[PDB]
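A short worksheet on the structure shown next.
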Amino acid sequence: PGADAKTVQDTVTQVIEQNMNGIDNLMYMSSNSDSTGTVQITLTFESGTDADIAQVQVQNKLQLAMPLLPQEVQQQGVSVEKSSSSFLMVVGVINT
Amino acid sequence: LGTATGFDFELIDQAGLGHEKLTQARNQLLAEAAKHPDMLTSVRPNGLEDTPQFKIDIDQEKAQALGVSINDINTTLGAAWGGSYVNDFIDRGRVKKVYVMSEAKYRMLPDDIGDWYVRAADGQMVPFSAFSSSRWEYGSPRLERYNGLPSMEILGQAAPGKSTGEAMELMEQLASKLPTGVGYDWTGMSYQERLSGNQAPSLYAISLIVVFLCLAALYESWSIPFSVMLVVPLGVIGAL
Amino acid sequence: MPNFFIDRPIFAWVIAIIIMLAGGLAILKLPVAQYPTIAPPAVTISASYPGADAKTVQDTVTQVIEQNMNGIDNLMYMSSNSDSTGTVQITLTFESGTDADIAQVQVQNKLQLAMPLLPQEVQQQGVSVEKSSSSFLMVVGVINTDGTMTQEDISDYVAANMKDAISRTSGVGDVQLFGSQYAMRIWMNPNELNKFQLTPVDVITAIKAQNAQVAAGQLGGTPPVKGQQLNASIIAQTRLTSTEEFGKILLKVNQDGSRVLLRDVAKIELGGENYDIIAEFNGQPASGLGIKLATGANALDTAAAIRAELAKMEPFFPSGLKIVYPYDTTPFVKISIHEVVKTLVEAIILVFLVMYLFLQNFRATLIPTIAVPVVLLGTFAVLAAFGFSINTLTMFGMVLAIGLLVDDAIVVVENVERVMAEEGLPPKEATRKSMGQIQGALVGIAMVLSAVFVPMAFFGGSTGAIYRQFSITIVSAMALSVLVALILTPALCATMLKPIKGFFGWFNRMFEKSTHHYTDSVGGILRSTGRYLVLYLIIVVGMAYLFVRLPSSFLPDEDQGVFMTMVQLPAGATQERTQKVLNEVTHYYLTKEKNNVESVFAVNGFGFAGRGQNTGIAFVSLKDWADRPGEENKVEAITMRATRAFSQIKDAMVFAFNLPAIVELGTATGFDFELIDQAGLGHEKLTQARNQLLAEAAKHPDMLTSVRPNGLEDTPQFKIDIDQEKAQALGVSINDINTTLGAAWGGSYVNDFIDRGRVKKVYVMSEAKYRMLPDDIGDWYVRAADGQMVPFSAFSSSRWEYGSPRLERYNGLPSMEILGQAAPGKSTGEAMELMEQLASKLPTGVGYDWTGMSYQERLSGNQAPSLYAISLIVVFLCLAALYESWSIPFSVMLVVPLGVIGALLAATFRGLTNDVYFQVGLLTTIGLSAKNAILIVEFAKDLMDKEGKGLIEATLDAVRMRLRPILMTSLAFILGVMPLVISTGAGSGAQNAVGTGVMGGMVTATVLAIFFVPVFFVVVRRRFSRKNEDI
Ligand SMILES: CCCCCCCCCCCCO[C@@H]1O[C@H](CO)[C@@H](O[C@H]2O[C@H](CO)[C@@H](O)[C@H](O)[C@H]2O)[C@H](O)[C@H]1O
Ligand SMILES: CCCCCCCCCCCCO[C@@H]1O[C@H](CO)[C@@H](O[C@H]2O[C@H](CO)[C@@H](O)[C@H](O)[C@H]2O)[C@H](O)[C@H]1O
Ligand SMILES: CCCCCCCCCCCCO[C@@H]1O[C@H](CO)[C@@H](O[C@H]2O[C@H](CO)[C@@H](O)[C@H](O)[C@H]2O)[C@H](O)[C@H]1O
Ligand SMILES: CCCCCCCCCC(=O)OC[C@H](CO)OC(=O)CCCCCCCCC
Ligand SMILES: NCc1cccc(-c2ccc3nc(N4CCNCC4)c(Cl)cc3c2)c1
Ligand SMILES: CCCCCCCCCCCCCC
Ligand SMILES: CCCCCCCCCCCC
Ligand SMILES: CCCCCCCCCCCC
Ligand SMILES: CCCCCCCCCCCC
Ligand SMILES: CCCCCCCCCC
Ligand SMILES: CCCCCCCC
Ligand SMILES: CCCCCCCC
Ligand SMILES: CCCCCCCC
Ligand SMILES: CCCCCCCC
Ligand SMILES: CCCCCC
Ligand SMILES: CCCCCC
């Protein structure tokens, strides 16, 4: 919260990236760090990779980098999720 | 998947050049690409351009002379203007966050900076103006990295009548004339198209070869298979 | 099928072509490896406690982690080292077949329970959990040929621009930097600090405050006021980027207004995170990456991926920077496999030639020549179906399978060319009835021979995959051979066979006469059978003696074009002395092994046991095998001479050693012992127990040899006692004291900075000159609550003591590893039994265990004899079915010793052992021997059943008929396996070994069979009969 893109990149993104080692079947890695205080790092794996194994291997390397991140980021936490743009539906909730 | 039409290019800082030099190299590539409308169309960055930002320097000597700690200064600035997640409370049985932040009207403009006071060790309240200075500068609102290195993603597509493969060839030729230390890579759909294309010739060959061999066994003849295999264009022409 | 394809030769070709296409596509995609995977997965936890001694590491990190290691599936044992570089390594070794991904997940799930209990300094160094082999796959070296970059510069360039992408590459399980990345080094001066009434605590506090990256929010940020037109990020402090900026950190302002800057109390420079690892390439400054193969990953695919990634970096190198390749285990794999391919081709050509010699017709010879490639290519497709790899044993299966299937088509082609001579049927008509006579026996005999190898496919243990893949390859090839002989061969016999001197005339007539004296000799032997019965038994007793006389091993050492040299100095020795020893090692290879050594990559400060000022390693790469003729230019003799030369180096343990085929199984005669503190005795008592055990072992040179500890000896350490009362009285904080002491003498990782775009570390530490001497301790001052500067001498006392630089634990208890081996002639089992006896007489509370290779030894015992018994039983049963007789099978079984004797003869005279390759050749010999015997019995019995000829007439008519075709196929294969025997170059150790046993077994199985088989048949039928034969 409140961080600029360079602060995010240089205290969070680079640290996490430098720890994404020893993971199997990685094709490439990409990231953005932005002025809303957000970073997203996406690791893309070979077709046929077990997505659960890929995610736990990523999550476990991340876990061991958490002590290197700023306290404010440790407090917010860092989420690791399987990526997917396919929604079954979007339920809207409005007040009339 | 995305549009999966066009190409997906990564410009890469391979030698610690820095954001500004990478931007210059990007612009060089975009300008050259614009000189080949016959081959490339809508070659553009996928990210954001640098914007004005408000650089505030804390004067350490003045802070120390007044007895104001840097931690109080930076917490006061960050908590008021950026907001701060303090801890959690429990709202109707559900754990939720507590945030402190300035009310909107006291964190809008540079003149508001001087309305925020920090208590020194001797109890006196000191305004931010007394130990800071500011200036406008440019910086990035969105920094990109690719395989751990600074990068800028560039999207585009082949011009009408041209194949994406040909457009990729030119992009690579143009990229080879960029300043020292600037590399590139293909990602996404473009990574996908290169690998699928490298397989196609051998898969066609295996299909053609096995079809011939099955027919040769069927007819006990190395030549009669051809009379069947010649039919291929007859359907294809009407589909086209 | 035969009659079907005789009418459809193009269909036959189509099936052969599809078989070959599938095999060809398998060859392009199958994994390539030296051996099948047999090594158990190992997960290693690594952590670092900067400035910590071994006991501090053990008692605040290692024990905490170990106590959380529970509920982990398939765990065989756990071991750990805690050392006075501040490093701990904990290795968990799992059962063969364990999924390394799950083992890593399970280990980490438990580690995360321990992580919060670990010191913050340890957490912030980064704890790592890796799943990799223990040995290096390769070392990637980096030099600067223009000499414009120092060792430190190159190391930082590798760390900052190369290492991470290599570390992310799939199959790379671990990467060691031979060097260090740059950090911002603040080298504190205690005199200047005291002059300004400052301490390392103030320095650290000021760096955290003035090397900061501050989140400051936005102008016009959300939620905004109405009418806002400006939105912009606020940028406050950012990480410092240069020594200049660190130098002007403001520590304080004096009363008179003067400023104290960090550069007034410290020297500030870019320099390594650590200064322990310094490498050279052929004496020149270097860095590099030591790469370990991830568990179960393919070595060749991973090396290829590493090279492709390195190729992406090279264009952006600074001037002069160059990648060198001083140590790579993978070329040997690739080249050794290609050499077996070459001998496979050469074996096929040598078969084609020996047949043209006997057949004397290209057409008649070509049909067999076409069948073998079709079958072998198809066997590759079967390997893919079974999920096997192209490796040494599947490739030896390809070569040795030839001898057991080459007769399939020959029996078909010849039984046709005979039908066209007896009668006058055309080639097509003859093939049909010909196939009707042999088709059934072909299938059935292939099943009898398959019985030889099927049992061995059920071999257990880690060793089991070796015998399994070989057996499957042999059986698959024989099965495909039958199929090809029922599909392609009949079609070619019916389309190509020509309807039915010189050197050949000379050959034919020579053989004609030889056949005459042969049949004559046979008839004479039939009348003197009693004598030759006795001769047979002593062949069986001789075979028995040579079998027990022959020593046994697992896999021969191979010259792999590379090897390593270990440098171990006593703890307490300095970096400077280790470099002196490394210079001597490097000098020796560059001056005394000019003809053999291509490069030396020497690393000061790195060993396999662990880091330290007192340890180093030299990686040595040799010139190509072709440029190193003779055994004196092979790795074994090179390392022997080197170790002998290095024995004259004082105060150091230096030895060159070859890589073992399988590091896991390790030495052929070595053991791996663990002495265990079972009762909280403590390190000093355990050391004494160790010494007692080491002394008693020396008293038995008869059975034990080189029984030594694997770890390090105690060394002097500087014990300093902080006096709590004096510190309280002076108002000196214990936290200030410990931070001042640890930061100055051990170093402290303060926070991060940005060096040319890359996040890196900042370290404070005393400048070297103020942390070299015990007296320097009192030059460090701490500030009390009342502002007075207090020297360490005012509140501390010190004394010398002894302590351990490397504490070992095994399965969670204090331990000491002891290596050793059996004395000449003695067996490892005998040596281990003695060690157990000696261990039982040790002080109360001292226990023991076996690990590593010795865990495998006691675990998997001898299981080959039972499987050989099963094979023989099943072969006999299959023969009983083939001949519908319980007795006739013995006429074939009795030929097995005639072949086994030759394989033992050859292995003995040539000096080989009873290893993997002698056993796969021994099974092949059994099958080849039975095969040759059936090439006689099947015909001798065919006349007594179809031509009604008597026992003695049928026997002598068959041998005369079969002497030529038998010696044809037999000598062809004997010559065919010649390239295995005379093999030199990569993998020649395995080739020579497997060839010697098989060829030796073929020779005896061929010369003795043509004389003894007639005796076996006639004697067996006479005994087990009533009113049938002899007329
Ligand atoms: C009748 C001729 C034999 C058949 C021809 C060979 C068929 C193809 C064999 C497999 C592919 C080539 O592999 C064959 O073995 C190795 C491959 O490293 C080469 O061997 C050569 O180079 C290697 C290193 O590369 C040296 O260690 C070796 O001393 C030298 O002989 C042979 O020159 C090559 O012919
Ligand atoms: C019966 C006589 C014939 C017996 C012949 C047996 C030869 C077996 C030797 C193969 C050993 C080397 O195995 C080697 O593996 C690599 C890595 O997959 C293959 O590498 C291949 O990759 C791709 C597909 O994977 C191919 O498009 C490419 O042309 C080739 O480089 C080699 O083409 C193959 O030669
Ligand atoms: C797991 C349990 C199953 C495993 C069983 C092991 C079976 C092993 C069989 C060994 C081989 C048997 O080999 C078989 O022997 C018989 C003996 O009559 C031969 O002889 C037979 O040939 C054919 C078979 O249809 C008949 O027309 C003929 O009259 C008969 O003599 C066969 O041609 C041969 O194929
Ligand atoms: C004139 C040529 C027409 C080719 C049309 C192919 C369009 C499909 C492309 C595709 O998805 O590729 C899949 C696959 C690759 O092996 O396609 C093919 O294999 C196409 C070739 C099959 C036809 C040859 C047999 C002759 C008929 C008896
Ligand atoms: N029973 C009539 C009869 C009359 C005359 C001859 C054969 C004959 C047929 C096929 C044979 N197939 C054999 N092997 C070689 C090794 N591979 C498996 C198969 C061997 Cl050893 C002997 C063989 C005898 C059969
Ligand atoms: C791989 C293609 C094989 C084709 C073989 C053609 C048949 C054999 C040659 C013709 C034989 C007739 C001459 C007597
Ligand atoms: C798809 C590959 C087929 C190649 C074989 C051509 C057949 C030869 C024609 C003439 C035979 C009489
Ligand atoms: C446990 C190992 C299984 C053994 C497989 C059976 C061996 C014969 C297979 C032949 C394949 C054609
Ligand atoms: C028509 C028969 C074709 C199958 C040939 C089988 C050869 C023996 C295989 C042994 C399996 C254990
Ligand atoms: C003789 C061919 C045997 C079947 C080949 C099928 C290929 C299996 C790939 C997994
Ligand atoms: C791969 C197809 C080979 C067929 C050629 C036969 C021509 C006589
Ligand atoms: C581990 C699976 C083995 C598959 C065997 C296939 C038999 C042809
Ligand atoms: C471990 C026992 C295996 C025995 C294999 C038997 C095959 C018929
Ligand atoms: C293994 C069983 C053999 C039994 C032979 C019986 C002879 C009549
Ligand atoms: C009747 C024989 C057909 C076999 C095809 C594989
Ligand atoms: C006619 C039987 C076919 C067998 C193929 C494996």
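Note on naming: chains are A, B, ... as they come in the structure tokens, residues start from 1 per chain, ligands start from 1 in the order shown.
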Task: Counting only C-alpha atoms, chain C residues within 9 Å of chain B, as a ChimeraX atom specification - done: /C:8-15,17-18,161,164-165,209-210,214-225,228,230-237,249-250,252-253,257,259,313,315-318,755-758
Open item on the list: Taking only C-alpha atoms into account, find every residue of chain A that has an atom no more than 12 Å from chain B, and write it out as number ranges by chain.
Closed with: A: 1-10, 13-21, 26-47, 71-77, 83-86
Closest contacts (chain B/ligand 4, max 12 Å, only C-alpha atoms and all ligand atoms) as a tab-separated table:
```
residue	atom	partner	partner_atom_place_in_ligand_line	distance
B:196	CA	ligand 4	12 (O)	10.6
B:197	CA	ligand 4	12 (O)	10.6
B:198	CA	ligand 4	15 (C)	12.0
B:199	CA	ligand 4	15 (C)	9.0
B:200	CA	ligand 4	15 (C)	6.2
B:201	CA	ligand 4	16 (O)	7.9
B:202	CA	ligand 4	16 (O)	7.6
B:203	CA	ligand 4	16 (O)	4.1
B:204	CA	ligand 4	16 (O)	3.8
B:205	CA	ligand 4	16 (O)	7.0
B:206	CA	ligand 4	16 (O)	6.8
B:207	CA	ligand 4	19 (O)	4.7
B:208	CA	ligand 4	24 (C)	4.8
B:209	CA	ligand 4	25 (C)	8.3
B:210	CA	ligand 4	25 (C)	8.4
B:211	CA	ligand 4	25 (C)	5.6
B:212	CA	ligand 4	25 (C)	7.6
B:213	CA	ligand 4	25 (C)	10.7
B:214	CA	ligand 4	28 (C)	9.8
B:215	CA	ligand 4	28 (C)	8.5
B:216	CA	ligand 4	28 (C)	11.6
B:224	CA	ligand 4	28 (C)	11.9
B:225	CA	ligand 4	28 (C)	8.5
B:226	CA	ligand 4	28 (C)	8.8
B:227	CA	ligand 4	28 (C)	9.4
B:228	CA	ligand 4	28 (C)	6.1
B:229	CA	ligand 4	28 (C)	4.5
B:230	CA	ligand 4	26 (C)	7.6
B:231	CA	ligand 4	27 (C)	7.0
B:232	CA	ligand 4	27 (C)	5.6
B:233	CA	ligand 4	1 (C)	5.4
B:234	CA	ligand 4	1 (C)	9.0
B:235	CA	ligand 4	1 (C)	9.1
B:236	CA	ligand 4	1 (C)	6.5
B:237	CA	ligand 4	1 (C)	8.5
B:238	CA	ligand 4	1 (C)	11.7
B:239	CA	ligand 4	5 (C)	10.5
B:240	CA	ligand 4	1 (C)	10.5
```
Please write the residues from the selection above to a file, keeping N, CA, C and O atoms, as a short mmCIF file (atom, residue, chain, number, x, y, z; two decimals), in the first residue's frame.
```
data_model
loop_
_atom_site.label_atom_id
_atom_site.label_comp_id
_atom_site.auth_asym_id
_atom_site.auth_seq_id
_atom_site.Cartn_x
_atom_site.Cartn_y
_atom_site.Cartn_z
N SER B 196 5.09 -24.71 -32.79
CA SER B 196 4.14 -25.48 -33.58
C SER B 196 4.56 -25.52 -35.05
O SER B 196 4.39 -26.55 -35.72
N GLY B 197 5.14 -24.43 -35.56
CA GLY B 197 5.57 -24.41 -36.94
C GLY B 197 6.75 -25.34 -37.20
O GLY B 197 6.83 -25.97 -38.26
N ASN B 198 7.67 -25.44 -36.24
CA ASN B 198 8.82 -26.32 -36.40
C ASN B 198 8.41 -27.79 -36.48
O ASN B 198 9.17 -28.60 -37.02
N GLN B 199 7.24 -28.15 -35.96
CA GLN B 199 6.77 -29.53 -35.99
C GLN B 199 6.01 -29.87 -37.27
O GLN B 199 6.00 -31.04 -37.67
N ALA B 200 5.37 -28.88 -37.90
CA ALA B 200 4.42 -29.18 -38.96
C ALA B 200 5.03 -29.96 -40.11
O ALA B 200 4.41 -30.94 -40.56
N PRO B 201 6.20 -29.59 -40.64
CA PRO B 201 6.76 -30.36 -41.77
C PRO B 201 6.90 -31.85 -41.48
O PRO B 201 6.57 -32.67 -42.34
N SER B 202 7.36 -32.22 -40.29
CA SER B 202 7.55 -33.64 -40.02
C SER B 202 6.23 -34.35 -39.81
O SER B 202 6.12 -35.55 -40.11
N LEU B 203 5.20 -33.65 -39.31
CA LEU B 203 3.91 -34.30 -39.13
C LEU B 203 3.21 -34.52 -40.46
O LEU B 203 2.60 -35.58 -40.68
N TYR B 204 3.28 -33.54 -41.37
CA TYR B 204 2.79 -33.75 -42.73
C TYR B 204 3.48 -34.93 -43.39
O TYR B 204 2.83 -35.78 -44.02
N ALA B 205 4.81 -35.00 -43.27
CA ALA B 205 5.57 -36.07 -43.91
C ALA B 205 5.13 -37.43 -43.39
O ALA B 205 4.93 -38.38 -44.17
N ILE B 206 4.99 -37.56 -42.07
CA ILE B 206 4.59 -38.84 -41.50
C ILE B 206 3.20 -39.23 -41.99
O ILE B 206 2.94 -40.40 -42.30
N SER B 207 2.29 -38.26 -42.06
CA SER B 207 0.95 -38.54 -42.56
C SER B 207 1.00 -39.01 -44.02
O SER B 207 0.43 -40.05 -44.37
N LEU B 208 1.69 -38.25 -44.87
CA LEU B 208 1.79 -38.64 -46.28
C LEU B 208 2.46 -40.00 -46.43
O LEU B 208 1.97 -40.86 -47.17
N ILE B 209 3.56 -40.23 -45.70
CA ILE B 209 4.28 -41.49 -45.84
C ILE B 209 3.41 -42.67 -45.40
O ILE B 209 3.35 -43.70 -46.08
N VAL B 210 2.75 -42.54 -44.25
CA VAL B 210 1.97 -43.66 -43.73
C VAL B 210 0.76 -43.91 -44.61
O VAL B 210 0.36 -45.06 -44.83
N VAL B 211 0.14 -42.85 -45.14
CA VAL B 211 -0.98 -43.03 -46.05
C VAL B 211 -0.55 -43.85 -47.26
O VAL B 211 -1.20 -44.83 -47.65
N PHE B 212 0.59 -43.48 -47.85
CA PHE B 212 1.09 -44.22 -49.01
C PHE B 212 1.32 -45.68 -48.66
O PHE B 212 0.96 -46.58 -49.43
N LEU B 213 1.94 -45.94 -47.51
CA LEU B 213 2.30 -47.31 -47.15
C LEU B 213 1.06 -48.16 -46.92
O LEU B 213 1.03 -49.34 -47.29
N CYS B 214 0.03 -47.59 -46.27
CA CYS B 214 -1.21 -48.34 -46.06
C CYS B 214 -1.86 -48.69 -47.40
O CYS B 214 -2.32 -49.82 -47.60
N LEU B 215 -1.90 -47.73 -48.32
CA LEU B 215 -2.49 -48.00 -49.63
C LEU B 215 -1.67 -49.03 -50.39
O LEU B 215 -2.23 -49.92 -51.05
N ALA B 216 -0.34 -48.94 -50.32
CA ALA B 216 0.51 -49.91 -51.01
C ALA B 216 0.23 -51.32 -50.51
O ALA B 216 0.17 -52.26 -51.31
N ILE B 224 -0.15 -47.89 -57.55
CA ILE B 224 -1.60 -47.67 -57.54
C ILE B 224 -2.00 -46.71 -56.42
O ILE B 224 -2.96 -45.96 -56.58
N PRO B 225 -1.30 -46.69 -55.27
CA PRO B 225 -1.63 -45.67 -54.25
C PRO B 225 -1.74 -44.26 -54.81
O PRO B 225 -2.60 -43.49 -54.38
N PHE B 226 -0.91 -43.91 -55.79
CA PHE B 226 -0.94 -42.56 -56.34
C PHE B 226 -2.30 -42.21 -56.91
O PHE B 226 -2.72 -41.04 -56.84
N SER B 227 -3.02 -43.19 -57.47
CA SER B 227 -4.31 -42.89 -58.08
C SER B 227 -5.33 -42.46 -57.04
O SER B 227 -6.27 -41.72 -57.37
N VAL B 228 -5.17 -42.90 -55.80
CA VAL B 228 -6.01 -42.41 -54.71
C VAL B 228 -5.51 -41.07 -54.21
O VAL B 228 -6.29 -40.12 -54.03
N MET B 229 -4.20 -40.95 -53.97
CA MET B 229 -3.65 -39.75 -53.34
C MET B 229 -3.83 -38.51 -54.21
O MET B 229 -3.84 -37.40 -53.67
N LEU B 230 -3.98 -38.68 -55.52
CA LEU B 230 -4.22 -37.54 -56.40
C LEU B 230 -5.57 -36.87 -56.16
O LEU B 230 -5.80 -35.78 -56.68
N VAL B 231 -6.46 -37.48 -55.37
CA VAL B 231 -7.78 -36.88 -55.18
C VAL B 231 -7.72 -35.65 -54.28
O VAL B 231 -8.65 -34.84 -54.29
N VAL B 232 -6.63 -35.47 -53.53
CA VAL B 232 -6.62 -34.46 -52.46
C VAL B 232 -7.09 -33.09 -52.95
O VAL B 232 -7.94 -32.48 -52.28
N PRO B 233 -6.60 -32.55 -54.06
CA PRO B 233 -6.99 -31.19 -54.45
C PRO B 233 -8.47 -31.04 -54.79
O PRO B 233 -8.99 -29.93 -54.72
N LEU B 234 -9.16 -32.13 -55.15
CA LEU B 234 -10.50 -31.99 -55.70
C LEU B 234 -11.48 -31.43 -54.66
O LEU B 234 -12.32 -30.60 -54.99
N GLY B 235 -11.38 -31.89 -53.42
CA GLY B 235 -12.20 -31.33 -52.36
C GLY B 235 -11.69 -29.98 -51.89
O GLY B 235 -12.47 -29.06 -51.63
N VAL B 236 -10.37 -29.85 -51.80
CA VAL B 236 -9.78 -28.63 -51.24
C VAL B 236 -10.17 -27.42 -52.07
O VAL B 236 -10.39 -26.33 -51.52
N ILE B 237 -10.25 -27.57 -53.40
CA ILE B 237 -10.52 -26.41 -54.25
C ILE B 237 -11.90 -25.84 -53.95
O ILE B 237 -12.08 -24.61 -53.89
N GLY B 238 -12.90 -26.70 -53.78
CA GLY B 238 -14.24 -26.21 -53.50
C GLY B 238 -14.39 -25.64 -52.11
O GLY B 238 -15.19 -24.72 -51.89
N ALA B 239 -13.65 -26.17 -51.14
CA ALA B 239 -13.64 -25.58 -49.81
C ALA B 239 -13.03 -24.18 -49.85
O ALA B 239 -13.58 -23.23 -49.29
N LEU B 240 -11.90 -24.04 -50.54
CA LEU B 240 -11.28 -22.73 -50.69
C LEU B 240 -12.19 -21.75 -51.42
O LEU B 240 -12.28 -20.57 -51.06
#
```
Open item on the list: When you look at residue 536 (chain C) with a cut-off of 9 Å (counting only C-alpha atoms), what residues show up, excluding the ones that are within fewer than 4 positions of it in the same chain? I need them as a ChimeraX atom specification.
Closed with: /C:532,540-541,897-898,1012
Selection from above, N, CA and C atoms, as an mmCIF file, in the first residue's frame, can you write it?
```
data_model
loop_
_atom_site.group_PDB
_atom_site.id
_atom_site.type_symbol
_atom_site.label_atom_id
_atom_site.label_comp_id
_atom_site.auth_asym_id
_atom_site.auth_seq_id
_atom_site.Cartn_x
_atom_site.Cartn_y
_atom_site.Cartn_z
ATOM 1 N N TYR C 532 34.753 -89.809 -22.427
ATOM 2 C CA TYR C 532 34.362 -88.409 -22.531
ATOM 3 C C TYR C 532 33.343 -88.012 -21.475
ATOM 4 N N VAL C 540 33.008 -79.429 -15.542
ATOM 5 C CA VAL C 540 32.025 -78.864 -14.624
ATOM 6 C C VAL C 540 32.669 -78.496 -13.293
ATOM 7 N N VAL C 541 33.651 -79.280 -12.843
ATOM 8 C CA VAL C 541 34.357 -78.934 -11.613
ATOM 9 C C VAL C 541 35.278 -77.745 -11.853
ATOM 10 N N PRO C 897 27.282 -75.796 -19.272
ATOM 11 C CA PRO C 897 28.644 -75.661 -18.725
ATOM 12 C C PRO C 897 29.706 -75.483 -19.796
ATOM 13 N N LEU C 898 29.523 -76.086 -20.974
ATOM 14 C CA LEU C 898 30.522 -75.960 -22.031
ATOM 15 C C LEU C 898 30.707 -74.513 -22.465
ATOM 16 N N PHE C 1012 30.483 -82.719 -28.109
ATOM 17 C CA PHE C 1012 29.786 -83.216 -26.929
ATOM 18 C C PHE C 1012 28.286 -83.381 -27.146
#
```
Can you work out which residues are within 12 Å of ligand 13, considering only C-alpha atoms and all ligand atoms, and then hand them over as a PDB file with C-alpha atoms, in the first residue's frame?
```pdb
ATOM      1  CA  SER C 450      13.339 -66.275 -23.899  1.00  0.00           C
ATOM      2  CA  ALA C 451      13.004 -68.368 -20.736  1.00  0.00           C
ATOM      3  CA  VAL C 452      16.735 -67.829 -20.191  1.00  0.00           C
ATOM      4  CA  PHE C 453      16.216 -64.079 -19.740  1.00  0.00           C
ATOM      5  CA  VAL C 454      12.654 -63.604 -18.433  1.00  0.00           C
ATOM      6  CA  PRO C 455      13.452 -64.493 -14.776  1.00  0.00           C
ATOM      7  CA  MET C 456      16.309 -61.985 -14.688  1.00  0.00           C
ATOM      8  CA  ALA C 457      13.824 -59.221 -15.543  1.00  0.00           C
ATOM      9  CA  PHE C 458      12.367 -59.630 -12.028  1.00  0.00           C
ATOM     10  CA  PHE C 459      15.644 -58.595 -10.390  1.00  0.00           C
ATOM     11  CA  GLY C 460      15.036 -56.490  -7.290  1.00  0.00           C
ATOM     12  CA  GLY C 461      16.726 -53.553  -5.617  1.00  0.00           C
ATOM     13  CA  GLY C 464      17.373 -54.384 -10.637  1.00  0.00           C
ATOM     14  CA  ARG C 468      15.572 -55.635 -16.275  1.00  0.00           C
ATOM     15  CA  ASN C 862      22.886 -61.797  -3.267  1.00  0.00           C
ATOM     16  CA  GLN C 863      19.828 -62.797  -5.307  1.00  0.00           C
ATOM     17  CA  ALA C 864      21.393 -63.891  -8.617  1.00  0.00           C
ATOM     18  CA  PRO C 865      21.817 -67.634  -7.823  1.00  0.00           C
ATOM     19  CA  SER C 866      18.107 -68.210  -7.208  1.00  0.00           C
ATOM     20  CA  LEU C 867      17.185 -66.458 -10.457  1.00  0.00           C
ATOM     21  CA  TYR C 868      19.720 -68.557 -12.374  1.00  0.00           C
ATOM     22  CA  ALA C 869      18.140 -71.660 -10.835  1.00  0.00           C
ATOM     23  CA  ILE C 870      14.683 -70.480 -11.918  1.00  0.00           C
ATOM     24  CA  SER C 871      15.957 -69.731 -15.432  1.00  0.00           C
ATOM     25  CA  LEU C 872      17.409 -73.219 -15.842  1.00  0.00           C
ATOM     26  CA  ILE C 873      14.238 -74.828 -14.455  1.00  0.00           C
ATOM     27  CA  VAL C 874      12.014 -72.836 -16.808  1.00  0.00           C
ATOM     28  CA  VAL C 875      14.277 -73.540 -19.790  1.00  0.00           C
ATOM     29  CA  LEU C 877      10.346 -77.114 -18.800  1.00  0.00           C
ATOM     30  CA  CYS C 878      10.019 -75.232 -22.093  1.00  0.00           C
TER      31      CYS C 878
END
```
Open item on the list: With distances taken over only C-alpha atoms, which residue among A:64, A:12, A:51, A:78 lies nearest chain C?
Closed with: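 For chain C, the nearest of the given residues is A:64.
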Task: Expected answer as a PyMOL selection string: residues within 7 Å of ligand 1, only C-alpha atoms and all ligand atoms - done: chain C and resi 335+338-339+341-342+345-346+624-626+985-986
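When only C-alpha atoms are used to measure the gap to chain C, the shortest distance among A:80, A:88, A:23, A:93 belongs to A:23.
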